[PDB]
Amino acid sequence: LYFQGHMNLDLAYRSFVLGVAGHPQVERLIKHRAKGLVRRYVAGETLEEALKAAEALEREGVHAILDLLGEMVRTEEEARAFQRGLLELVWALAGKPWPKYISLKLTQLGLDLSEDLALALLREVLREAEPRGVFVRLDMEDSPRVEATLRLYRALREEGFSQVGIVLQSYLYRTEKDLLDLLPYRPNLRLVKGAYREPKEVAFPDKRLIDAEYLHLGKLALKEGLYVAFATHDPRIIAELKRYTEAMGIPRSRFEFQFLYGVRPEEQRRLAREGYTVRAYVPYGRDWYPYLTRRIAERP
């Protein structure tokens, strides 16, 4: 792939990262000599490590979002196996004296195979989560999956569930309209810039416009009285949202900041000491290596 005359840099980087990570020797090397580096960003392979990591965050004033990692689901059986992993997490979280928050992808409950299946399995998760006070975030995947995600979110809201939330991505042209459409749902929103490679036709290609849209949507959601989680590490955006919420007298109980586990941990702590609700998004499970490969292959 070339892009308008010259090599596709984004593709070249991605393909190199992937090619180097997939090399058997590099994978052996990283699992052996880079364990200190990995556990900084990944709790461990088990639910027990993940719960330990959450207790360590809590000790420091920071809350945990637990995100089970799994190889990509391609069969109904694998979606059911993944759901079992999610149920185990919900049950284990049940006792805990702290905020209980999990994140999942609908594709890992078989969305691409059957939307009916995904909804079925998700409702069973929500049935266990809701009475235990476990909050469930539906992570937003790529643009072809947005309509189904909002559809399943609305369906569950309408069946009586409230311990469920959505993620909206500021890089999409469609997001402002999705926000305004969802207003009657009073949704609990995580606002992100967005993680995927999206074409010019559906997403702002300009990083200035992505960041500008983030602030616009964040401010719109706040003025609407929505609870909003600002999931971002951007210090310009964080500083503006702190200035804005303070100037508008938005209570600290109506918004929060969310960081990936291990990313700007001094900031997570600092925001918490300032009275903000801060969460770290904590991946765990046996599929951490492909997962971290992909987060590295996103951008140089």
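We number the residues from 1 along the sequence you see.
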* 267 to 275 or 29 to 37, whichever carries the higher mean Cα B-factor -> 29 to 37
* Asked: For the C-alpha atoms alone, is the average B factor greater in 153 to 161 or in 70 to 78, going by the entry?
  -> 70 to 78
* Asked: Reading the B-factor column of the entry, which of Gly110, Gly95, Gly225, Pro144 has the highest value at its C-alpha atom?
  -> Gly95
* **Top Cα B factor in the deposited entry, candidates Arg243, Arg252, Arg236, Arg59** => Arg252
* Entry-reported Cα temperature factor of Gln169, expressed as the chain third it lands in -> lowest
* Looking at the C-alpha B-factor of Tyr281, is it in the lowest, middle or highest third of its chain? -> lowest
* Split the chain's modelled residues into thirds by Cα B-factor; is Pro187 in the lowest, middle or highest one? -> middle
* Asked: Among the chain's modelled residues, which third holds the C-alpha B-factor of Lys200?
  -> highest
* Asked: Lowest, middle or highest third: where is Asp206 by C-alpha B factor in its chain?
  -> highest
